[PDB]
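We did not get these values from a lab; they are worked out from the coordinates using the rules stated. For neighbour counting, all protein chains shown are included, and Cβ atoms are generated from backbone atoms with ideal geometry for every residue, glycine included.
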Amino acid sequence: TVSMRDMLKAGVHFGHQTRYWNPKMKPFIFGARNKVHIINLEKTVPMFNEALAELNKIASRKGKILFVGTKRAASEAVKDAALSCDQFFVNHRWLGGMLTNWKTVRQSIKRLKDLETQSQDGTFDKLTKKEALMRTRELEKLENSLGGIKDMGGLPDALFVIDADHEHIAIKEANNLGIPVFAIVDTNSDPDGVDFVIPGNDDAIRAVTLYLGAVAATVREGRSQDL
Amino acid sequence: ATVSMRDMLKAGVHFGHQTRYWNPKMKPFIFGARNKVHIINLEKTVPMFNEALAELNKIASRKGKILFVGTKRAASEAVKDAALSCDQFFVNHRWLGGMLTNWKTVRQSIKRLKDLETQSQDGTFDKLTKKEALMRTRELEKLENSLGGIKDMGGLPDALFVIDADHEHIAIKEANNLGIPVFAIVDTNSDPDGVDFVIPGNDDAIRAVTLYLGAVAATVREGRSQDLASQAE
Amino acid sequence: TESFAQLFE
Ligand SMILES: [Zn+2]
């Protein structure tokens, strides 16, 4: 649904410096200027529109989307977006084995939720003896990343990644299990395993919010049409 | 940057002042006298304006600092928006006397100004007094009025774009004393000898003024395009 | 007022 005027304002067309660039992305690039690659927005939209259609398709069957935004800048931005659509998110390091090694992480979430209530209720308090400090600090560490998926979400049906390099670890585990992935690939990221691809600036705060907006919109819309 | 020889005609660039207040040096740009006024020669006007546009465009490409000067209240508002839109800062109403030369002394002023702004969300809550509070707010207002819009520069600007020139003869004098090139919308009563790019327009009606502002604004965006990226999509 | 072009002609 996004328009060219939308992106052109945000700066989605802006791509990483010349030196850093994977020649595999040349099709999605128009003409480099001032030692900086300029994405060919003319191609971006047609694929972004197709991808939004696909995301609507998923949410129809009430599938579980997961948003990945390790990048400190967009990290908080991804948090907010995932709330409006009530989909899962991960704004910190994509803990290895997040999907592939499900048994271990599932037990971990069990531990987390149990610790959560106990301290929340107050049990932790009576114990004190620095042991209360330990269990509160453990919650913090776990929540810093594990948080966002605590409510089950086993083997989602799609992953939305802001960057197509930094989170290569995520863009791999999903390929092993055959879970489709989406990514706002820039000019320095490998266009591999991304399946539905989306050439887009993944650095500017402005542009990331744009993407988050549109994707969150379609996801809730799909839920409503099934409803 | 080739404003139609007819757009300015409707703007009001043709209407100068009367003979009683007419700079005799401006003769090269005269067409006659409508009701004893002095109708600027637009045909003579236009090459110079378009040439300066290109000149100012290559400047912004070399990343040379630009500047604009506030005039009448209406002019000042218009100048502000066009400047803020892109960059190149802007004056407002007084030019703060000898800004150039005394740029080091006004630099200390800019320093104090910014500190107060920062301390306007700090010092205000703590130790506030029914006396000191009014002091802080009022002084900031005065400082901002003129100094605001220049504080950003953090250095000596490399160009200047004034209006009318006559109303700011002081500004041109300082600019001539440093080599910094300038542009002025000279009118029928303005000494243009000090200007390096005589724009024989009319600082009046605002309408036409808005045209000049819009024009240059566009040229400095071309400079930013060379500083950012080329036109594409 | 008459157009400048016509006046100059
Ligand atoms: Zn005048």
Next item on the list: Step through the residues of region B:103-111 one at a time and calculate ³J(HN,Hα) from phi using the Karplus curve (6.51 cos²θ - 1.76 cosθ + 1.60, θ = phi - 60°), rounding each to whole Hz and writing x for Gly and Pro.
Entry: 6, 6, 5, 6, 5, 4, 4, 4, 4
Next item on the list: For region A:1-148, state the average projected area of the convex hull of the C-alpha atoms over all orientations, rounded to one decimal in nm².
Entry: 13.0 nm²
Notebook entry, point to check: Within straight cross-link reach of A:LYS129, meaning Cα distance under 30 Å, which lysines are found once same-chain residues fewer than 8 apart are removed?
Noted result: A:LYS110, A:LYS113, A:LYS141, A:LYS150
Notebook entry, point to check: Within region B:1-37, what residues put their amide N at less than 11 Å from the label point 7 Å along the Cα-to-Cβ vector of B:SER225?
Noted result: B:1
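Direction-averaged shadow area of the convex hull around the Cα atoms of region A:1-79, nm²? Let's see the in-between values first.
Working: hull surface 27.5 nm².
With every direction weighted equally, the projected area is 6.9 nm².
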Next item on the list: Let me have the relative contact order for region A:104-227, percent, based on Cα pairs under 8 Å that are six or more residues apart.
Entry: 15 percent
Check: Which angle between 0 and 90 degrees, to the nearest 10, do you get for helix B:132-147 versus the longest principal axis of chain B when only C-alpha atoms count?
Finding: 20 degrees
Checklist line | Two-site FRET efficiency, B:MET5 against A:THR1, from Cβ-Cβ distance with R₀ of 56 Å, rounded to 0.05 | finding: 0.80
Checklist line | Radius ratio Rg over Rh of the protein assembly as shown, counting only Cα atoms, Kirkwood formula for Rh | finding: 1.13
Note to self: Apply the a/c threshold of 1.5 to the C-alpha gyration tensor of region B:184-233 and tell me whether it is rounded, prolate or oblate.
What the structure shows: oblate
Item checked: Cα centroid of region B:64-116 to Cα centroid of region B:196-233, whole Å -> 18 Å
Check: What residues have an amide H closer than 5 Å to that of B:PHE183, excluding those fewer than 5 places away on the same chain, when H is modeled at 1.01 Å from N in the peptide plane?
Finding: B:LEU160, B:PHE161, B:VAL162
Note to self: So if I take the alpha carbon set of region B:35-116, get Rg, then get Rh from the Kirkwood formula, what is the Rg over Rh ratio?
What the structure shows: 1.08
Notebook entry, point to check: Of B:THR101, B:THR45, B:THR219, which is the most mobile in a GNM of chain B whose springs link Cα atoms less than 10 angstrom apart?
Noted result: B:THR101
Margin query: Within region B:1-126, how many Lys pairs that are eight or more residues apart, or on different chains, come under 21 Å at the alpha-carbon?
Written below: 15
Margin query: Check which residues have an amide H placed less than 5 Å from A:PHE88's amide H, if you skip close sequence neighbours.
Written below: A:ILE65, A:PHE67
Item checked: Helical mean residue ellipticity (222 nm; -39500 (n - 2.57) per DSSP H run of 4+; nearest 500) of chain B -> -14000 deg cm²/dmol
